[PDB]
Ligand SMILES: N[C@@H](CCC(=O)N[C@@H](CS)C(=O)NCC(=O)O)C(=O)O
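Take a look at this one chain, the form solved without the ligand, written out in structure tokens.
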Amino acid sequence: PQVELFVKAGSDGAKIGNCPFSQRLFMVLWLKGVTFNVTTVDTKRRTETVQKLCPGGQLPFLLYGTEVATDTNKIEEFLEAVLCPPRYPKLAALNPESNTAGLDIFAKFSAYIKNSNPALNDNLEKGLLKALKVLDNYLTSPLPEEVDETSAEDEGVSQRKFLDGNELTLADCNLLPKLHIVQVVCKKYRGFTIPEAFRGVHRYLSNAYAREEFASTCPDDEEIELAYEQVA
């Protein structure tokens, strides 16, 4: 059945633009293994067919067969329900927590890079670091799955590669596009890196950049930077 993902185009009007929700759905379709095409949209230069299929004008939108669906969270949950075993993998996380870990990081990052008032920098910046610390923590925590400490040098420390285990889940699809923007924009504009002592975070990102599902759906570094150039 025909699946076509509609995504934000970049500065040139055709390459993929900055947008973590676009990325998340793209990551979702990839991970399902279902065939799909992907279509980039210029919102200041909308095609006949784009107008015609989403008059509401929303991005991202999904065309499934002939039925249009909007709202990232709803499109994801639909795809998950629809694309089922035994044909397609279940992708939801198994630990309700994997769904909320790091969930507050993006807003904190946003409040921070948008702020222009020097006097209130340290608050926002320390808040962002704290929410990274809350994620790092979740990542180093052994999950129920694990419940076994093989090494002695690292007792009580998690070995897993992603939020919910050793496999990419729905939760990753949501956090990694957002985590990635955060890292790109903060580095570029402020010289702020995720401290190296956040070893869980750094392990997590090394593993996810070694997944083609994440790496090939990442907009150009340059494109994220341009998109944040004004607010920064």
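Start at 1 and count along the sequence shown; that's the residue number.
As for the form deposited with the ligand bound, it is not shown, yet the points below apply to it.
When the ligand is considered in the bound PDB entry, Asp71 lines it closely, a heavy atom lying within 4.5 Å. By the criterion of a heavy atom within 4.5 Å, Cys19 is counted among the residues contacting the ligand in the bound PDB entry.
Taking the partner from the other structure, the ligand in the bound PDB entry has a heavy atom within 4.5 Å of a heavy atom of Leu59.
Shown alone, this chain has one stretch from 90-98, 134-142, 71-79, 107-115 that lies within 4.5 Å of the ligand in the bound PDB entry by heavy atoms: 71-79.
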